[PDB]
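Heads up: the structure comes next, in structure tokens.
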Amino acid sequence: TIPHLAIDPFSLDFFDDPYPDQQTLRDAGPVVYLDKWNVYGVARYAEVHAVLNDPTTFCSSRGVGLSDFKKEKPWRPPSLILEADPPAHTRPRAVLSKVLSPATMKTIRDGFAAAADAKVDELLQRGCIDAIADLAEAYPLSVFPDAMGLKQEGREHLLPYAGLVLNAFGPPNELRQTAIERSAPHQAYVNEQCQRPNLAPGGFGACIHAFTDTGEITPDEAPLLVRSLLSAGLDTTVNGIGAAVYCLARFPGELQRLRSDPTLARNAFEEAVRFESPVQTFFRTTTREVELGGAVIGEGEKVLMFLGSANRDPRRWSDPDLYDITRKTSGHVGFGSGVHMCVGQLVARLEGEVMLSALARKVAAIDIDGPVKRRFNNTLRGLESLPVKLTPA
Ligand code: HEM
Ligand SMILES: O=C(O)c1ccc(C(=O)O)cc1
Ligand SMILES: [Cl-]
């Protein structure tokens, strides 16, 4: 019925070049079984989209990683939104959607845009820079911790903590275990900044605590919802912006089109999110014996969704290996789909738009002038270092 495959989607050889193995996963069938970790896998757009939009059958409360929370204890207290199902997910999701609302983006857009223009001006004075550390990392670190309301001290724990959370979604390989074996300092800092006295007024974290009045969340729920923003609102955006600059460096014809019409900046970032898919994979757990694409999946089984493979499926996308800033990206699952679709997608799109807008208006060429190093993560796909030479427009 179901083809069995020995491909390890969490090995270094897979992270280094996943596209050939992702076609093998798609072409093998709509549902595969991965003997390496005893999990079901779906790599086509159709099945990935169906699993995401059936939260009842493919639950999230038993973990969005490999580990089954009904069988093992989670390395940290479960997230009140990511690792919950309706109706327990509904009200905490509604609060976060109002904290990161369209009305919230209006209060932060000008400061986010100004900091984006100032960063590109600073990098043009240096010429040859690292598009990861000096751009993909430096810019979100310059706007997001302030928008969260975090103090200055201890911000060096934010990125290590985020990479740990995303590595912990994977199997118990060395990547996950070495991350957990280094987690105590990063866990202590993040848990402390989630408390109301440590969140500056007006920030995202303080806004969450102010939503305990309405009966949607209780005061004891607010710290964990702040923890979700510190776990998902930084490193995701870093690799998304790093992906956008990477594509603009690998597709100069698309950079020139972006320069001619900087209003394409928002879609240029969205296409980058589809092209690279910073969030490559995560899991669901069947609550019931379900038939998916002609295959019977039993109860309590982990289902691995390949978001990046779904975003490159030729059954859904015309020329999926092509970076096209004018492509109608509507329907891609880079931000997920359904009740769990990324609640911070407006913040990420704002950061990506104003950074690509600043590059469109100020930069004439982006040329790689050094060794490209890939950052390895069980869930995240991104670059460790991207040496580029920026030519002023
Ligand atoms: C390029 C940037 C980003 C990408 C690619 C991304 C990707 C995703 C994806 C695919 C999901 C679905 C998870 C699932 O279905 O299990 C998700 C959920 C989530 N994201 Fe993002 N995200 C990004 C930025 C952000 C930002 C900026 C924030 C907060 C400021 C954030 C916070 C969250 C939260 C809290 C959830 C859980 C929502 C829920 O379970 O209902 N993410 N993200
Ligand atoms: O990057 C992600 O997919 C993600 C990680 C953590 C959380 C959370 O802490 O609720 C939500 C989303
Ligand atoms: Cl924690």
Side-chain angles (χ1 to χ4, degrees), residues 48 51-53 55 58-61 63-65 74-86 88-90 92-97 99-100 104-105 108 136 140 143-145 147-148 157 161-169 180 183-194 204-205 208 223-244 269-270 272-274 276-285 305 307-308 310-311 332-352 377 379-382:
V48 165
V51 172
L52 289 162
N53 282 94
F58 303 95
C59 78
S60 281
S61 56
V64 295
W75 68 278
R76 65 168 186 172
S79 157
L80 299 184
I81 173 177
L82 174 74
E83 287 144 354
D85 300 321
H89 163 263
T90 299
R93 162 83 178 198
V95 164
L96 277 189
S97 99
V99 180
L100 318 176
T104 300
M105 301 307 108
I108 69 175
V143 283
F144 188 80
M148 282 293 310
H157 297 283
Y161 178 83
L164 154 76
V165 173
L166 278 297
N167 259 339
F169 292 134
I180 285 179
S183 58
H186 310 322
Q187 294 190 63
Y189 159 85
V190 164
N191 286 334
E192 186 56 37
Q193 316 312 314
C194 290
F204 296 158
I208 295 172
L224 276 193
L225 267 82
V226 176
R227 190 196 68 182
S228 304
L229 301 201
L230 303 180
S231 309
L234 195 57
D235 204 12
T236 54
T237 73
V238 166
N239 299 273
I241 299 175
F269 177 74
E270 197 74 14
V273 171
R274 177 209 70 86
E276 283 303 316
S277 288
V279 177
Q280 288 272 299
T281 51
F282 44 76
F283 289 80
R284 291 297 192 266
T285 314
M305 290 166 295
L307 297 197
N311 286 332
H332 79 86
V333 281
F335 290 114
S337 169
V339 303
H340 284 280
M341 192 181 187
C342 184
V343 77
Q345 61 189 268
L346 304 186
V347 177
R349 283 170 181 154
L350 177 59
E351 296 181 8
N377 184 278
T379 308
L380 250 59
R381 165 176 178 85

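Read the numbers this way: they start at 1 and go in the same order the structure lists the ligands and their atoms. The figures that follow rest on heavy atoms only: side chains count, while hydrogens, waters and symmetry mates do not. In this chain, residues are counted from 1 in sequence order.
Heavy atoms of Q345 stay at 4.0 angstrom or farther from ligand 1. Residue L166 places a heavy atom under 4.0 Å from ligand 2. Taking 4.0 Å as the cut-off, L307 counts as a neighbour of ligand 1 on heavy-atom distance. In this structure, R76 is part of the shell of residues with a heavy atom less than 4.0 angstrom from ligand 2.
Only the side chain of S79 comes within contact range of ligand 2, with a heavy atom under 4.0 Å; no backbone atom does. Heavy atoms of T236 found under 4.0 angstrom from ligand 2 belong exclusively to the side chain. Looking at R284 against ligand 1, only its side chain comes within 4.0 Å, counting heavy atoms. With a 4.0 Å cut-off on non-hydrogen atoms, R93 touches ligand 1 through its side chain and not its backbone.
Per-residue contacts place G334 under 4.0 angstrom from the following atoms of ligand 1 (heavy atoms of the residue considered): 5 (C), 7 (C), 10 (C). Atoms of ligand 1 found under 4.0 Å from any heavy atom of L100, numbered from 1 in the order shown, are 29 (C), 30 (C). In the vicinity of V339, heavy-atom distances shorter than 4.0 Å reach the ligand 1 atoms 41 (O). For ligand 1, the atoms closer than 4.0 angstrom to any heavy atom of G336 are 10 (C). The ligand atoms of ligand 1 that sit less than 4.0 angstrom from a heavy atom of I81 are 38 (C), 39 (C), 40 (O), 41 (O). Annotation for ligand 1: atoms under 4.0 Å from non-hydrogen atoms of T237 are 2 (C), 27 (C).
Side-chain atoms of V347 and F144, non-hydrogen and from C-beta on, do get closer than 4.5 Å to each other. Residues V190 and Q193 fail the side-chain proximity criterion, which asks for heavy atoms closer than 4.5 Å.
Looking at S228 next to ligand 2, an N or O pair under 3.5 Å apart turns up.
Proximity annotation for atom 14 (C) of ligand 1: of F282, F204, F283, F282 comes nearest, heavy atoms only. For atom 25 (C) of ligand 1, the nearest non-hydrogen atom from the set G338, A232, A348 belongs to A232. Considering only non-hydrogen atoms, atom 30 (C) of ligand 1 lies nearest to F144 out of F169, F269, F144. Taking only non-hydrogen atoms, the option from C342, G352, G242 nearest to atom 18 (C) of ligand 1 is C342. For the residues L82, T90, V238, the heavy atom positioned nearest atom 37 (C) of ligand 1 is part of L82.
Note: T379 OG1 to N239 CG = 11.5 Å, rounded to the nearest 0.5 Å.
For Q187 and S183, the side-chain atoms include at least one donor-acceptor pair closer than 3.5 Å.
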List the steps, then state whether side-chain contact (heavy atoms from CB on, under 4.5 Å) holds for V339 with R93.
CA-CA 9 Å; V339 303; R93 162 83 178 198; over 6 Å; no
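Nearest heavy-atom pair across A348 and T237 is CB-CG2, 4.1 Å.
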